[PDB]
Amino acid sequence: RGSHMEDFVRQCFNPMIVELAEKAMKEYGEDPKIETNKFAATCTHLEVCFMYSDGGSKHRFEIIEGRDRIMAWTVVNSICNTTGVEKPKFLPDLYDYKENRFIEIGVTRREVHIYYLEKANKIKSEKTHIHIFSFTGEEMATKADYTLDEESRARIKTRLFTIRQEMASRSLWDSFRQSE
C-alpha cells in the first residue's frame, strides 16, 4: 500500500487495460498493490497484445489475452475444433487466421535471446509462433517471420521505450528491470 509504482502504473496505462490487469492478477492470487512491478508488466503485455492485434487486416486476429482463464480456453477450444490446430498446452495470446496459428507475445527486460530460449523450452510444442519485444527496441520471432508490418512493430517498440523512459525519470526503472 502506497507504492509509487502502483500510482505510475494506473497513470501511464489506459483504464480498461488497468482493470483487465487487475482482474487477471486477482484471478491468479496476486496483489497489484504489493506486486507492483508485475502489475506494470501485466499492463505492458496487455497493451502490446492489443497494439499487435490492431496491426494487420480487419478480421485477422483473435485476442486470447485479457479474457478470464475459462472463456479464453473456450475460445481456444473453438479455434482448434474449427481449424484443426493442435490444442496448445498453455494459454497463448493471439490467433492468426491468416497464417492459421497461435501467437505467444513476450515482453522482457532481459536479453531477447534468453527470454525466447526460455519460452520456447517451456512451450516445447513447435506449432505456436513466438514473438518477443524488448524495452531496448529489439524483437525476435519464430523463423524470423515477424507476422506484422514493419510500421506496426515499430509502433510497439516505440511505446515500450516511452514506458521505459517514463519509469526512469521517476527512478522506478532499476527496480523494474531487476525484478524480472
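Here, rigid core means the biggest group of C-alpha atoms that superpose within 1.5 Å across both forms. Sequential numbering from 1, following the sequence displayed.
- Put simply, when the other structures in 6 other deposited structures of this protein are lined up on the rigid core, the C-alpha atoms of 124-132 lie farther off than those of the other stretch, from 124-132 and 34-42.
- For the pair 116-124 and 24-32, the record assigns the higher mean C-alpha temperature factor to 116-124.
- A summary of the deposited B-factors shows that, of 41-49 and 130-138, the stretch with the larger mean C-alpha value is 130-138.
- The residue among 72, 107, 85, 103 whose C-alpha atom has the highest B-factor in the PDB entry is 85.
- The entry lists a Cα temperature factor for residue 12 that places it in the lowest third of the chain's modelled residues.
- In the deposited entry, the Cα temperature factor of residue 94 places it in the lowest third of its chain's modelled residues.
- Among the modelled residues of its chain, residue 111 has a C-alpha B-factor that falls in the highest third according to the deposited record.
- Ranked within its chain, residue 144 lands in the highest third, by CA B factor from the PDB record.
- In the PDB entry, residue 58 places in the highest third of its chain by CA B-factor.
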